[PDB]
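Here is the structure we will look at.
2 protein chains.
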Amino acid sequence: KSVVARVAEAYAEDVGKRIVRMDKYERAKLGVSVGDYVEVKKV
Amino acid sequence: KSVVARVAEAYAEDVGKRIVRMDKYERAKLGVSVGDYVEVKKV
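Sequence lines, in order, name chains B and A. If you read the first sequence in the entry's author numbering, its first letter stands for residue 4, the second for the next number, and so on. If you read the second sequence in the entry's author numbering, its first letter stands for residue 4, the second for the next number, and so on.
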């Protein structure tokens, strides 16, 4: 399944870390858990 | 354009808002700004 989400900016401490922050709803809808890798592209 | 990134948990503030926080480096690779919509898929 594919989840659409709106891009928000990173917190200063996260700038540079190659992470994507998403909540438990988008994580359950994707089938991923914290530490997994996901593919992101522009709508 | 599509980027692979690593899932981290969201701030409590952001839970339920269907947002994704990514920094300026991944935004430049995606060719998106803050407020654009992206598609997230499991790798």
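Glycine included, each C-beta is placed from N, C-alpha and C at the ideal position.
- Contact of residue 31/B with chain A is not assigned, every C-beta pair being separated by 8 Å or more.
- Runs of the beta strand (DSSP E) lying entirely within the region 11 to 38 of chain B, each at least 3 residues long, are 22 to 24 in chain order.
- When the Cα atoms are used, residue 41/B and residue 9/B turn out to be separated by approximately 15 Å.
- Here residue 46/B is near residue 7/B, since their CB atoms are less than 8 Å apart.
- In this structure, residue 26/A and residue 17/B form a Cβ contact; the two beta carbons are roughly 6 Å apart against a cut-off of 8 Å.
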